[PDB]
Amino acid sequence: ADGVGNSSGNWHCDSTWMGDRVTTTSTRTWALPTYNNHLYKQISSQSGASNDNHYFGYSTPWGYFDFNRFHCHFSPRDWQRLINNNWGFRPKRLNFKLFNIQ
Amino acid sequence: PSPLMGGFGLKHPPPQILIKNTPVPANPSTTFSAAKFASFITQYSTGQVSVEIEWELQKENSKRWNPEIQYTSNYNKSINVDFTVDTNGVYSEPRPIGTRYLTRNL
Numbered sequence: 218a219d220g221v222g223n224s225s226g227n228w229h230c231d232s233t234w235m236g237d238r239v240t241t242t243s244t245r246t247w248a249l250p251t252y253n254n255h256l257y258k259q260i261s262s263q264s265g266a267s268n269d270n271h272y273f274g275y276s277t278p279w280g281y282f283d284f285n286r287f288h289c290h291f292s293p294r295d296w297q298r299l300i301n302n303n304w305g306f307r308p309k310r311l312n313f314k315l316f317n318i319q
Numbered sequence: 638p639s640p641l642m643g644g645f646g647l648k649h650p651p652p653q654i655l656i657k658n659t660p661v662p663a664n665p666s667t668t669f670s671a672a673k674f675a676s677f678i679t680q681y682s683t684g685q686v687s688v689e690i691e692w693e694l695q696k697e698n699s700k701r702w703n704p705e706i707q708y709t710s711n712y713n714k715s716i717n718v719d720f721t722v723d724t725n726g727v728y729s730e731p732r733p734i735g736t737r738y739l740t741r742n743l
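Quick note, the sequences are listed as chains A and Q, same order. To get PDB author numbering, take the position in the first sequence, counting from 1, and add 217. To get PDB author numbering, take the position in the second sequence, counting from 1, and add 637.
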């Protein structure tokens, strides 16, 4: 889309309060290494662990983007503005973007 | 011309509203007297007064990161709640509250 030398996005970190809505936007810089050396590895609890700590699963070479915390979208001033003036809130919709990939 | 005691300086402020009871003369003499009336029926008046003011607000548009100072009630227990009536039903204002809690850059 933008080959080499053309930016594919802009930095949008801000919040807009409009009546009964607040739209919070956040931008961060991420680093993604190579996980498991491009391999899927079966993982399980160590031998000798207690029965409560036993588990079985798989480790993937993929990563994931997590923003399931309020601090990822609300500044402390935004939080104070939200909690001192509103009797409730709920999420409505979200937009996600990855850009400027090197 | 901002008032030194605080507030808004107005060249044409809200007008003074003057109210008084109309004097009702008491029993006059059956003979004419040119002296002005000095005896009146004692009376007072009671009623209701309504004042409605529309205020314009300048919304805060700050971009500071950390939280601001806000006026708040104190959570700790107390014998009386602030800005309420006591067991005598007497309303009191425990402290003066200003308006300068949010912050703006110079």
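Where a beta carbon is used, it is the ideal one built from N, C-alpha and C, also for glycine.
If you look at A/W234, you'll find it in the beta strand (DSSP E) that goes 231 to 235. With respect to the C-alpha of A/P250, the residue from A/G280, A/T242, A/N303 having the closest C-alpha is A/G280. At least 8 Å separates the CB of A/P278 from every CB of chain Q. With respect to the C-alpha of A/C230, the residue from Q/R741, Q/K673, Q/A672, Q/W702 having the closest C-alpha is Q/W702. In the DSSP assignment, A/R298 falls outside any beta strand (DSSP E) and lies within the alpha helix (DSSP H) extending over 293 to 300.
Its chain contains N658 as the residues whose beta carbon lies nearer than 8 Å to that of Q/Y681, once the 5 sequence neighbours on both sides are disregarded; these appear in chain order. It is roughly 39 Å from the alpha-carbon of Q/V688 to the alpha-carbon of Q/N664. Annotation: Cβ neighbours of Q/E705 in chain A (cutoff 8 Å, chain order): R294, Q297.
In the three-state reduction of the DSSP assignment, A/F287 falls in the helix class, which pools H, G and I. In this structure, A/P308 is the residue among A/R286, A/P308, A/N317 with its C-alpha nearest to the C-alpha of A/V239. Judged by beta-carbon spacing, A/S225 lies beyond the 8 Å limit of A/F282, meaning their Cβ atoms are not closer than that value. Burial check for Q/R732: the Cβ neighbour count within 10 Å stays below 16, so the residue is exposed.
Here A/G274 is bridged, per DSSP, to A/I260. Proximity of Q/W692 to chain A, defined by a Cβ-Cβ separation below 8 Å, is not satisfied.
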